[PDB]
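Visitor: Below you will find the structure I want to go over with you.
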There are 2 protein chains.
Amino acid sequence: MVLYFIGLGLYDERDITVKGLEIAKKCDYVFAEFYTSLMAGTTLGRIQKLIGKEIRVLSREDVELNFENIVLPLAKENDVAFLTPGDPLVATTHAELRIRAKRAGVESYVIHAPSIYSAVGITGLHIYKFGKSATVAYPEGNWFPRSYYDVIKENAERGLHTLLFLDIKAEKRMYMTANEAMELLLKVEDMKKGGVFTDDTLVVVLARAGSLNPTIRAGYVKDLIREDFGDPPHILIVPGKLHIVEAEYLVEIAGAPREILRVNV
Amino acid sequence: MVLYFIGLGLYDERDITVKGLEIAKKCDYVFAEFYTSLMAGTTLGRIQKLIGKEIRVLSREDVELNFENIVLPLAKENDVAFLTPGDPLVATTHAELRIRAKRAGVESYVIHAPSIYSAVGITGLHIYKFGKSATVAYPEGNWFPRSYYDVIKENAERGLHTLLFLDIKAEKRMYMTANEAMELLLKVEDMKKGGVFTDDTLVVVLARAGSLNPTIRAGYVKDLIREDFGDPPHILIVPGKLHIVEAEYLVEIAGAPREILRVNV
Ligand SMILES: Nc1ncnc2c1ncn2[C@@H]1O[C@H](CSCC[C@H](N)C(=O)O)[C@@H](O)[C@H]1O
């Protein structure tokens, strides 16, 4: 009669919370989805071994078209877990699943875990200064999504930072790199010419948040566009004007050039 | 010979990540602060039992004024951990402590934990639609801060949601309720008359996120201002224009008036 939405956290199998792991271990059935994102620092086998029970992975279609026929039936007479990368319901499509549970007469509870949305605090940027967020998707065919450019523009003009989630082709395990995102943004700049993203734009890259050794780097696009930030996942942030403490953290912890202290503050 | 910043999570001792727990268990010295937020579902004793270590609690002054004198000295010869409610670097100024650690020749690492900043996803509001965040501070003496009002105005005018962290005075055990926040905002509205926060404004309240049964309520200020949302901590959210799916979740899960379903496109 109960369905638990359990977050797996940021990077590896130990990023789940103690609460999430203990609840999952007591569930009769464990399902999971790995399409809103992936857990780059681990494998399905390692997560399965930690929990101690077999995990039934659902595809995007399984969830969107058949969640109520795959997961909910068992949740009616058993305790069922539905694992998701990060924090449940940060991904926009998760929320509606709680309504489906209600419709099926199934109780649902959410077990939170770290999300990249909040983990960016490790960049040293003040969380309150983050404005609207956006995702940079891989162009495909004649589709070159670029609304994120206006998101950066609108946030920056109000002195706010912009968090850019980078695309991940989950089934192919293809992660968009900060380099690829910067290249796309420069192309969009060529088309819009709003002076929003250029070689002189200060950006912050966070790779493998959750790891004990994530890569945290800050600097100008001209210098970072071809830099190796290591294995995935990557996110990119275009900060707005900086508080001196934010800049000092970027310089001392993220290796930002001293120039940001007199250009971006 | 290192320092670990470890988040404890939203509500109780089990909100710590498995990664954080296993690292804390092996540290030689453990410090913590409980003034940045309130973990309503646990006690210092329960946390100490889980980690199997004695925890030295520090005050705001101990940290902001003497962190490098109380904590770093030990971190130079042993593995030390500094625990905090929620995520250690969200809506705190603890990131700056990593700069102090570096200057003292101490390597530091960060272990994330679920944060209220991302937990708001449980309200059904799209995370990417949240704009700048603000804090509703307690008026004191002859002062009455109102900056948070302008944050709501700025976000709302561009269709973004506003997350309002509520004040806390741990030493005096004062935790601002969503009710008090609403009362304060109505008083600011009477002064600025910007039509930003009135009796007809739709708001969302999230209380005790992280617990299995948090209070999630949505409705007009006039109806919720005197409603009992349970024990603290609370957070207040003033949504911008809603997407139909956001409204549906607020109605089905947060008990919002069905009239909000009729979104004014
Ligand atoms: N579990 C919880 N439920 C509701 N509000 C919470 C909360 N935890 C924190 N808050 C809100 O956030 C304020 C503390 S701000 C510090 C936040 C913390 N670093 C984190 O990552 O969550 C509180 O005064 C309250 O308004």
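By order of appearance in the structure tokens: chains A, B, ..., then residues from 1 within every chain, and ligands from 1 in the order shown.
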Just want the 10 Å neighbourhood of residue 233 (chain A), counted on only C-alpha atoms, with same-chain residues fewer than 3 positions away dropped. Output as a PyMOL selection string.

Guide: chain A and resi 10-11+37-41+165-168+174-178+206-209+214+229-230

Visitor: Can you provide chain A as a PDB file with C-alpha atoms, in the first residue's frame, superposed onto chain B by least squares across all C-alpha atoms matched in order?

Guide:
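Listing of part.pdb after writing:
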ATOM      1  CA  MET A   1      45.544  16.692   7.605  1.00  0.00           C
ATOM      2  CA  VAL A   2      41.942  16.517   6.420  1.00  0.00           C
ATOM      3  CA  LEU A   3      38.766  18.459   7.190  1.00  0.00           C
ATOM      4  CA  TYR A   4      35.408  17.123   6.001  1.00  0.00           C
ATOM      5  CA  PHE A   5      32.417  19.456   5.668  1.00  0.00           C
ATOM      6  CA  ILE A   6      29.485  17.065   6.110  1.00  0.00           C
ATOM      7  CA  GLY A   7      25.842  17.899   5.515  1.00  0.00           C
ATOM      8  CA  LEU A   8      23.256  16.562   7.957  1.00  0.00           C
ATOM      9  CA  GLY A   9      20.336  17.041   5.644  1.00  0.00           C
ATOM     10  CA  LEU A  10      16.800  18.227   6.201  1.00  0.00           C
ATOM     11  CA  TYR A  11      15.094  17.115   9.378  1.00  0.00           C
ATOM     12  CA  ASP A  12      16.310  14.227  11.528  1.00  0.00           C
ATOM     13  CA  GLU A  13      19.401  12.150  12.262  1.00  0.00           C
ATOM     14  CA  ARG A  14      18.769   9.815   9.324  1.00  0.00           C
ATOM     15  CA  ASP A  15      18.915  12.648   6.792  1.00  0.00           C
ATOM     16  CA  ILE A  16      22.709  12.528   6.594  1.00  0.00           C
ATOM     17  CA  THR A  17      23.999  10.492   3.629  1.00  0.00           C
ATOM     18  CA  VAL A  18      25.546   7.049   4.001  1.00  0.00           C
ATOM     19  CA  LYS A  19      28.808   8.617   2.810  1.00  0.00           C
ATOM     20  CA  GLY A  20      28.586  11.352   5.421  1.00  0.00           C
ATOM     21  CA  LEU A  21      27.829   8.963   8.269  1.00  0.00           C
ATOM     22  CA  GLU A  22      30.627   6.550   7.375  1.00  0.00           C
ATOM     23  CA  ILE A  23      33.183   9.337   7.001  1.00  0.00           C
ATOM     24  CA  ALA A  24      32.114  10.967  10.272  1.00  0.00           C
ATOM     25  CA  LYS A  25      32.502   7.610  12.031  1.00  0.00           C
ATOM     26  CA  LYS A  26      36.122   7.396  10.882  1.00  0.00           C
ATOM     27  CA  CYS A  27      37.077  10.935  11.899  1.00  0.00           C
ATOM     28  CA  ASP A  28      39.132  11.457  15.055  1.00  0.00           C
ATOM     29  CA  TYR A  29      37.226  14.597  16.030  1.00  0.00           C
ATOM     30  CA  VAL A  30      33.719  15.757  15.178  1.00  0.00           C
ATOM     31  CA  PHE A  31      32.613  19.387  15.325  1.00  0.00           C
ATOM     32  CA  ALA A  32      29.321  20.899  14.233  1.00  0.00           C
ATOM     33  CA  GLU A  33      27.457  24.173  13.983  1.00  0.00           C
ATOM     34  CA  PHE A  34      23.760  24.636  14.565  1.00  0.00           C
ATOM     35  CA  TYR A  35      23.294  28.357  13.930  1.00  0.00           C
ATOM     36  CA  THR A  36      22.807  28.587  10.141  1.00  0.00           C
ATOM     37  CA  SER A  37      19.858  26.344  10.849  1.00  0.00           C
ATOM     38  CA  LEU A  38      18.593  23.545  13.126  1.00  0.00           C
ATOM     39  CA  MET A  39      17.632  19.881  12.682  1.00  0.00           C
ATOM     40  CA  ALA A  40      14.088  20.164  14.046  1.00  0.00           C
ATOM     41  CA  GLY A  41      13.270  16.469  13.924  1.00  0.00           C
ATOM     42  CA  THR A  42      16.134  15.305  16.116  1.00  0.00           C
ATOM     43  CA  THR A  43      18.499  16.243  18.947  1.00  0.00           C
ATOM     44  CA  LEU A  44      22.242  16.604  19.428  1.00  0.00           C
ATOM     45  CA  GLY A  45      22.130  13.440  21.515  1.00  0.00           C
ATOM     46  CA  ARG A  46      20.519  11.396  18.744  1.00  0.00           C
ATOM     47  CA  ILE A  47      22.980  12.593  16.111  1.00  0.00           C
ATOM     48  CA  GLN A  48      25.844  11.893  18.509  1.00  0.00           C
ATOM     49  CA  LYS A  49      24.563   8.367  19.201  1.00  0.00           C
ATOM     50  CA  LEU A  50      24.182   7.593  15.488  1.00  0.00           C
ATOM     51  CA  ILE A  51      27.730   8.723  14.726  1.00  0.00           C
ATOM     52  CA  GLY A  52      29.010   7.120  17.914  1.00  0.00           C
ATOM     53  CA  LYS A  53      31.328   9.970  18.871  1.00  0.00           C
ATOM     54  CA  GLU A  54      31.054  13.130  20.962  1.00  0.00           C
ATOM     55  CA  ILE A  55      30.169  16.273  18.998  1.00  0.00           C
ATOM     56  CA  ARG A  56      31.749  19.641  19.841  1.00  0.00           C
ATOM     57  CA  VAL A  57      29.204  22.310  18.904  1.00  0.00           C
ATOM     58  CA  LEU A  58      30.512  25.680  17.749  1.00  0.00           C
ATOM     59  CA  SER A  59      28.606  28.947  18.174  1.00  0.00           C
ATOM     60  CA  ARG A  60      28.403  31.571  15.444  1.00  0.00           C
ATOM     61  CA  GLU A  61      31.244  33.512  17.063  1.00  0.00           C
ATOM     62  CA  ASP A  62      33.318  30.336  17.451  1.00  0.00           C
ATOM     63  CA  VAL A  63      33.155  29.847  13.691  1.00  0.00           C
ATOM     64  CA  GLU A  64      33.322  33.441  12.459  1.00  0.00           C
ATOM     65  CA  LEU A  65      36.027  34.644  14.846  1.00  0.00           C
ATOM     66  CA  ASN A  66      37.874  31.466  15.854  1.00  0.00           C
ATOM     67  CA  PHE A  67      37.391  28.651  13.330  1.00  0.00           C
ATOM     68  CA  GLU A  68      41.155  28.463  12.709  1.00  0.00           C
ATOM     69  CA  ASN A  69      41.950  28.086  16.421  1.00  0.00           C
ATOM     70  CA  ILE A  70      39.224  25.608  17.338  1.00  0.00           C
ATOM     71  CA  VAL A  71      38.781  23.281  14.361  1.00  0.00           C
ATOM     72  CA  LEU A  72      41.829  23.621  12.115  1.00  0.00           C
ATOM     73  CA  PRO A  73      44.596  22.840  14.637  1.00  0.00           C
ATOM     74  CA  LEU A  74      43.326  19.281  15.122  1.00  0.00           C
ATOM     75  CA  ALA A  75      42.673  18.886  11.399  1.00  0.00           C
ATOM     76  CA  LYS A  76      46.419  19.297  10.898  1.00  0.00           C
ATOM     77  CA  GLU A  77      47.316  15.871  12.319  1.00  0.00           C
ATOM     78  CA  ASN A  78      43.932  14.113  12.322  1.00  0.00           C
ATOM     79  CA  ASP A  79      40.833  13.594  10.201  1.00  0.00           C
ATOM     80  CA  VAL A  80      38.238  16.096  11.385  1.00  0.00           C
ATOM     81  CA  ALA A  81      34.555  16.447  10.563  1.00  0.00           C
ATOM     82  CA  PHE A  82      32.509  19.645  10.646  1.00  0.00           C
ATOM     83  CA  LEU A  83      28.780  18.912  10.515  1.00  0.00           C
ATOM     84  CA  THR A  84      26.256  21.445   9.239  1.00  0.00           C
ATOM     85  CA  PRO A  85      22.485  21.313   8.794  1.00  0.00           C
ATOM     86  CA  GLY A  86      21.371  20.783   5.204  1.00  0.00           C
ATOM     87  CA  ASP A  87      23.924  20.867   2.390  1.00  0.00           C
ATOM     88  CA  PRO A  88      27.309  22.413   3.189  1.00  0.00           C
ATOM     89  CA  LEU A  89      28.004  25.800   1.553  1.00  0.00           C
ATOM     90  CA  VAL A  90      24.374  26.611   0.769  1.00  0.00           C
ATOM     91  CA  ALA A  91      24.586  28.854   3.743  1.00  0.00           C
ATOM     92  CA  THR A  92      26.624  31.778   2.404  1.00  0.00           C
ATOM     93  CA  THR A  93      29.208  31.904   5.196  1.00  0.00           C
ATOM     94  CA  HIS A  94      30.358  28.270   4.861  1.00  0.00           C
ATOM     95  CA  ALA A  95      32.404  28.740   1.685  1.00  0.00           C
ATOM     96  CA  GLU A  96      35.044  31.048   3.163  1.00  0.00           C
ATOM     97  CA  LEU A  97      35.876  28.372   5.735  1.00  0.00           C
ATOM     98  CA  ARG A  98      37.444  26.329   2.932  1.00  0.00           C
ATOM     99  CA  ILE A  99      39.826  29.219   2.305  1.00  0.00           C
ATOM    100  CA  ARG A 100      40.774  29.246   5.984  1.00  0.00           C
ATOM    101  CA  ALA A 101      41.536  25.526   5.738  1.00  0.00           C
ATOM    102  CA  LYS A 102      43.770  26.189   2.727  1.00  0.00           C
ATOM    103  CA  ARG A 103      45.595  28.947   4.628  1.00  0.00           C
ATOM    104  CA  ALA A 104      46.236  26.516   7.482  1.00  0.00           C
ATOM    105  CA  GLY A 105      47.607  23.938   5.056  1.00  0.00           C
ATOM    106  CA  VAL A 106      44.648  21.631   5.648  1.00  0.00           C
ATOM    107  CA  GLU A 107      42.897  19.680   2.884  1.00  0.00           C
ATOM    108  CA  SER A 108      39.113  20.013   2.870  1.00  0.00           C
ATOM    109  CA  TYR A 109      36.385  17.977   1.201  1.00  0.00           C
ATOM    110  CA  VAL A 110      32.633  18.455   0.973  1.00  0.00           C
ATOM    111  CA  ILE A 111      30.101  15.696   1.615  1.00  0.00           C
ATOM    112  CA  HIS A 112      26.743  16.894   0.301  1.00  0.00           C
ATOM    113  CA  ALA A 113      23.268  16.252   1.689  1.00  0.00           C
ATOM    114  CA  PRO A 114      19.748  17.461   0.880  1.00  0.00           C
ATOM    115  CA  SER A 115      19.073  21.190   1.198  1.00  0.00           C
ATOM    116  CA  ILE A 116      15.688  22.876   1.531  1.00  0.00           C
ATOM    117  CA  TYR A 117      16.773  24.843  -1.559  1.00  0.00           C
ATOM    118  CA  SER A 118      16.392  21.673  -3.645  1.00  0.00           C
ATOM    119  CA  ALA A 119      13.832  19.846  -1.490  1.00  0.00           C
ATOM    120  CA  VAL A 120      11.169  22.367  -2.500  1.00  0.00           C
ATOM    121  CA  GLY A 121      10.805  20.249  -5.616  1.00  0.00           C
ATOM    122  CA  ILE A 122       8.303  18.294  -3.527  1.00  0.00           C
ATOM    123  CA  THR A 123       5.913  21.253  -3.873  1.00  0.00           C
ATOM    124  CA  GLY A 124       5.465  20.184  -7.482  1.00  0.00           C
ATOM    125  CA  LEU A 125       6.869  23.512  -8.687  1.00  0.00           C
ATOM    126  CA  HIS A 126       9.448  23.234 -11.481  1.00  0.00           C
ATOM    127  CA  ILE A 127      12.911  23.900 -10.071  1.00  0.00           C
ATOM    128  CA  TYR A 128      14.015  25.820 -13.194  1.00  0.00           C
ATOM    129  CA  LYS A 129      11.270  28.388 -12.516  1.00  0.00           C
ATOM    130  CA  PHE A 130      12.667  29.432  -9.149  1.00  0.00           C
ATOM    131  CA  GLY A 131      14.343  32.818  -9.353  1.00  0.00           C
ATOM    132  CA  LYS A 132      16.334  34.768  -6.782  1.00  0.00           C
ATOM    133  CA  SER A 133      15.832  33.510  -3.225  1.00  0.00           C
ATOM    134  CA  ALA A 134      15.448  35.501  -0.025  1.00  0.00           C
ATOM    135  CA  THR A 135      15.224  35.183   3.740  1.00  0.00           C
ATOM    136  CA  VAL A 136      12.416  36.688   5.815  1.00  0.00           C
ATOM    137  CA  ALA A 137      14.047  37.751   9.080  1.00  0.00           C
ATOM    138  CA  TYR A 138      12.260  38.623  12.317  1.00  0.00           C
ATOM    139  CA  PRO A 139      12.127  42.384  12.751  1.00  0.00           C
ATOM    140  CA  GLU A 140      14.021  43.592  15.828  1.00  0.00           C
ATOM    141  CA  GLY A 141      13.742  47.005  17.427  1.00  0.00           C
ATOM    142  CA  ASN A 142      13.844  49.618  14.677  1.00  0.00           C
ATOM    143  CA  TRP A 143      15.098  47.094  12.126  1.00  0.00           C
ATOM    144  CA  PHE A 144      12.330  45.790   9.851  1.00  0.00           C
ATOM    145  CA  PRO A 145      14.147  44.114   6.941  1.00  0.00           C
ATOM    146  CA  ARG A 146      11.889  43.954   3.902  1.00  0.00           C
ATOM    147  CA  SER A 147      14.004  43.654   0.752  1.00  0.00           C
ATOM    148  CA  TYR A 148      12.400  40.256   0.137  1.00  0.00           C
ATOM    149  CA  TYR A 149       9.290  42.077  -1.064  1.00  0.00           C
ATOM    150  CA  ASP A 150      11.177  43.409  -4.090  1.00  0.00           C
ATOM    151  CA  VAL A 151      12.659  39.973  -4.704  1.00  0.00           C
ATOM    152  CA  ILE A 152       9.152  38.509  -5.004  1.00  0.00           C
ATOM    153  CA  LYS A 153       8.065  41.379  -7.244  1.00  0.00           C
ATOM    154  CA  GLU A 154      11.002  41.011  -9.631  1.00  0.00           C
ATOM    155  CA  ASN A 155      10.724  37.217  -9.850  1.00  0.00           C
ATOM    156  CA  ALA A 156       6.949  37.218 -10.294  1.00  0.00           C
ATOM    157  CA  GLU A 157       6.993  39.792 -13.085  1.00  0.00           C
ATOM    158  CA  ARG A 158       9.277  37.414 -14.978  1.00  0.00           C
ATOM    159  CA  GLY A 159       7.007  34.433 -14.299  1.00  0.00           C
ATOM    160  CA  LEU A 160       9.336  32.967 -11.647  1.00  0.00           C
ATOM    161  CA  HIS A 161       8.689  31.435  -8.228  1.00  0.00           C
ATOM    162  CA  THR A 162      10.226  32.895  -5.075  1.00  0.00           C
ATOM    163  CA  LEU A 163      11.600  30.706  -2.297  1.00  0.00           C
ATOM    164  CA  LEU A 164      11.507  32.444   1.072  1.00  0.00           C
ATOM    165  CA  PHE A 165      13.723  30.928   3.746  1.00  0.00           C
ATOM    166  CA  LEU A 166      12.121  31.770   7.091  1.00  0.00           C
ATOM    167  CA  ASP A 167      14.098  33.020  10.092  1.00  0.00           C
ATOM    168  CA  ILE A 168      15.273  30.732  12.880  1.00  0.00           C
ATOM    169  CA  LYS A 169      16.653  31.942  16.154  1.00  0.00           C
ATOM    170  CA  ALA A 170      18.879  28.910  16.591  1.00  0.00           C
ATOM    171  CA  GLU A 171      19.943  29.441  20.231  1.00  0.00           C
ATOM    172  CA  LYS A 172      16.343  29.916  21.395  1.00  0.00           C
ATOM    173  CA  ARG A 173      15.017  27.242  19.026  1.00  0.00           C
ATOM    174  CA  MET A 174      12.432  29.725  17.762  1.00  0.00           C
ATOM    175  CA  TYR A 175      11.250  28.968  14.235  1.00  0.00           C
ATOM    176  CA  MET A 176       9.396  31.536  12.147  1.00  0.00           C
ATOM    177  CA  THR A 177       6.096  30.071  10.946  1.00  0.00           C
ATOM    178  CA  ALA A 178       4.622  30.532   7.479  1.00  0.00           C
ATOM    179  CA  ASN A 179       1.816  32.390   9.247  1.00  0.00           C
ATOM    180  CA  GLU A 180       4.246  34.880  10.761  1.00  0.00           C
ATOM    181  CA  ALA A 181       5.933  35.361   7.387  1.00  0.00           C
ATOM    182  CA  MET A 182       2.574  36.005   5.701  1.00  0.00           C
ATOM    183  CA  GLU A 183       1.680  38.561   8.379  1.00  0.00           C
ATOM    184  CA  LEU A 184       4.996  40.350   7.827  1.00  0.00           C
ATOM    185  CA  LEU A 185       4.524  40.372   4.055  1.00  0.00           C
ATOM    186  CA  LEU A 186       1.039  41.878   4.404  1.00  0.00           C
ATOM    187  CA  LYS A 187       2.515  44.640   6.557  1.00  0.00           C
ATOM    188  CA  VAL A 188       5.184  45.321   3.951  1.00  0.00           C
ATOM    189  CA  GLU A 189       2.448  45.433   1.295  1.00  0.00           C
ATOM    190  CA  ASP A 190       0.663  48.073   3.394  1.00  0.00           C
ATOM    191  CA  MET A 191       3.830  50.172   3.276  1.00  0.00           C
ATOM    192  CA  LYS A 192       4.885  49.647  -0.349  1.00  0.00           C
ATOM    193  CA  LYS A 193       1.466  49.177  -1.980  1.00  0.00           C
ATOM    194  CA  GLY A 194       2.943  47.512  -5.048  1.00  0.00           C
ATOM    195  CA  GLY A 195       0.182  44.918  -5.142  1.00  0.00           C
ATOM    196  CA  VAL A 196       2.797  42.189  -4.759  1.00  0.00           C
ATOM    197  CA  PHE A 197       1.458  40.376  -1.700  1.00  0.00           C
ATOM    198  CA  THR A 198      -2.224  40.530  -0.724  1.00  0.00           C
ATOM    199  CA  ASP A 199      -5.121  38.412   0.564  1.00  0.00           C
ATOM    200  CA  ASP A 200      -5.554  37.154  -3.005  1.00  0.00           C
ATOM    201  CA  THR A 201      -1.937  36.040  -3.465  1.00  0.00           C
ATOM    202  CA  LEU A 202      -1.433  32.311  -4.017  1.00  0.00           C
ATOM    203  CA  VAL A 203       1.245  30.894  -1.724  1.00  0.00           C
ATOM    204  CA  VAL A 204       2.740  27.473  -1.056  1.00  0.00           C
ATOM    205  CA  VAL A 205       3.813  26.264   2.379  1.00  0.00           C
ATOM    206  CA  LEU A 206       6.211  23.377   2.987  1.00  0.00           C
ATOM    207  CA  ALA A 207       6.678  22.262   6.589  1.00  0.00           C
ATOM    208  CA  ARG A 208       9.112  19.641   7.858  1.00  0.00           C
ATOM    209  CA  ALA A 209      10.633  18.770   4.497  1.00  0.00           C
ATOM    210  CA  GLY A 210      12.628  15.580   5.008  1.00  0.00           C
ATOM    211  CA  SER A 211       9.959  14.017   7.149  1.00  0.00           C
ATOM    212  CA  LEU A 212       7.956  11.229   5.587  1.00  0.00           C
ATOM    213  CA  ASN A 213       4.883  13.328   6.400  1.00  0.00           C
ATOM    214  CA  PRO A 214       5.684  16.958   5.602  1.00  0.00           C
ATOM    215  CA  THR A 215       2.812  19.402   5.335  1.00  0.00           C
ATOM    216  CA  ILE A 216       2.470  20.633   1.758  1.00  0.00           C
ATOM    217  CA  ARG A 217      -0.250  23.249   1.357  1.00  0.00           C
ATOM    218  CA  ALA A 218      -1.190  25.793  -1.279  1.00  0.00           C
ATOM    219  CA  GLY A 219      -3.882  28.435  -1.374  1.00  0.00           C
ATOM    220  CA  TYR A 220      -4.686  32.112  -1.043  1.00  0.00           C
ATOM    221  CA  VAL A 221      -3.273  34.164   1.814  1.00  0.00           C
ATOM    222  CA  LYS A 222      -6.762  35.089   3.010  1.00  0.00           C
ATOM    223  CA  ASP A 223      -7.398  31.387   3.695  1.00  0.00           C
ATOM    224  CA  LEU A 224      -3.950  30.201   4.789  1.00  0.00           C
ATOM    225  CA  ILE A 225      -2.800  33.054   7.023  1.00  0.00           C
ATOM    226  CA  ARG A 226      -4.277  31.480  10.166  1.00  0.00           C
ATOM    227  CA  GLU A 227      -3.999  27.821   9.143  1.00  0.00           C
ATOM    228  CA  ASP A 228      -2.059  25.342  11.294  1.00  0.00           C
ATOM    229  CA  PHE A 229       0.768  23.896   9.196  1.00  0.00           C
ATOM    230  CA  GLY A 230       2.157  21.874  12.088  1.00  0.00           C
ATOM    231  CA  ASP A 231       5.580  21.817  13.713  1.00  0.00           C
ATOM    232  CA  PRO A 232       8.668  23.592  12.253  1.00  0.00           C
ATOM    233  CA  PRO A 233      10.531  24.283  10.143  1.00  0.00           C
ATOM    234  CA  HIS A 234       8.389  26.126   7.585  1.00  0.00           C
ATOM    235  CA  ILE A 235       9.258  27.723   4.286  1.00  0.00           C
ATOM    236  CA  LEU A 236       7.062  29.921   2.198  1.00  0.00           C
ATOM    237  CA  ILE A 237       6.977  30.144  -1.579  1.00  0.00           C
ATOM    238  CA  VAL A 238       5.229  32.761  -3.682  1.00  0.00           C
ATOM    239  CA  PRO A 239       4.849  31.105  -7.073  1.00  0.00           C
ATOM    240  CA  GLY A 240       4.784  32.986 -10.334  1.00  0.00           C
ATOM    241  CA  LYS A 241       2.335  32.000 -13.067  1.00  0.00           C
ATOM    242  CA  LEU A 242       1.855  28.225 -13.060  1.00  0.00           C
ATOM    243  CA  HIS A 243       2.288  25.523 -15.681  1.00  0.00           C
ATOM    244  CA  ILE A 244      -0.892  23.408 -15.669  1.00  0.00           C
ATOM    245  CA  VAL A 245       1.072  20.408 -14.326  1.00  0.00           C
ATOM    246  CA  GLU A 246       2.355  22.509 -11.416  1.00  0.00           C
ATOM    247  CA  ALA A 247      -1.197  23.611 -10.618  1.00  0.00           C
ATOM    248  CA  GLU A 248      -2.559  20.072 -10.853  1.00  0.00           C
ATOM    249  CA  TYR A 249       0.065  18.874  -8.396  1.00  0.00           C
ATOM    250  CA  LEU A 250      -0.802  21.708  -6.003  1.00  0.00           C
ATOM    251  CA  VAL A 251      -4.491  20.797  -6.215  1.00  0.00           C
ATOM    252  CA  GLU A 252      -4.124  17.012  -5.938  1.00  0.00           C
ATOM    253  CA  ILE A 253      -1.189  16.811  -3.527  1.00  0.00           C
ATOM    254  CA  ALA A 254      -1.241  20.133  -1.643  1.00  0.00           C
ATOM    255  CA  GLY A 255      -5.003  20.638  -1.401  1.00  0.00           C
ATOM    256  CA  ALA A 256      -5.022  23.872  -3.400  1.00  0.00           C
ATOM    257  CA  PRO A 257      -8.456  25.207  -4.381  1.00  0.00           C
ATOM    258  CA  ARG A 258      -9.678  24.385  -7.897  1.00  0.00           C
ATOM    259  CA  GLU A 259      -9.735  28.146  -8.457  1.00  0.00           C
ATOM    260  CA  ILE A 260      -5.968  28.219  -9.006  1.00  0.00           C
ATOM    261  CA  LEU A 261      -6.485  26.366 -12.291  1.00  0.00           C
ATOM    262  CA  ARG A 262      -8.226  29.350 -13.845  1.00  0.00           C
ATOM    263  CA  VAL A 263      -6.668  32.220 -11.865  1.00  0.00           C
ATOM    264  CA  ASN A 264      -3.010  31.286 -11.504  1.00  0.00           C
ATOM    265  CA  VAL A 265      -2.331  29.375 -14.717  1.00  0.00           C
TER     266      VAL A 265
END

Visitor: Can you pull out every residue from region 72-232 of chain A that DSSP, working from the backbone, puts in strand (DSSP E), and format the result as a PyMOL selection string?

Guide: chain A and resi 79-84+107-111+134-136+162-166+168-169+174-175+202-207+215-220

Visitor: Where does DSSP see helix (DSSP H, G or I) in region 38-242 of chain A, if you list the residues as a ChimeraX atom specification?

Guide: /A:44-51,60-70,72-75,96-103,116-123,127-129,148-156,170-172,178-192,221-224
